[PDB]
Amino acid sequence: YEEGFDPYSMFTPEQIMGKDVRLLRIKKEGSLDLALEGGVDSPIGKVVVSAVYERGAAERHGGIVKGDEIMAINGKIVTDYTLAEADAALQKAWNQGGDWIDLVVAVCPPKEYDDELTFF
């Protein structure tokens, strides 16, 4: 299963240096409800989760959160994809073929700072 995934079969030690790389095999029921942001072009220079909507599929699985990095979609590495290239690949993996979607993600570490309140 997903607990039996080796990220070194897909990535070089330099590629996943310090990253916590996991495999998520999402169910494939209705809407994926997972938004992306970034792209190779962008300031962050990677594909990250911008929102996991409460409705389901990505939320129902629970393995993926806002800030996590999308590294591969159905075996195809998406690290140097643009935002439009990534969104197209994510939708095409969800709509076209299979009974599941295979997402390789770099799990974002806990926020070591107050990222909620602002005093004006």
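Numbering starts at 1 and runs along the sequence shown.
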property: 19-27 versus 94-102 - greater average Cα B-factor per the deposited record; result: 94-102
property: 77-85 set against 55-63, stretch whose average Cα temperature factor tops the other in the entry; result: 55-63
property: Selection from 49, 71, 44, 32 [criterion: highest C-alpha temperature factor in the record]; result: 32
property: Where the record places residue 8 (Cα B-factor, split into thirds across the chain); result: middle
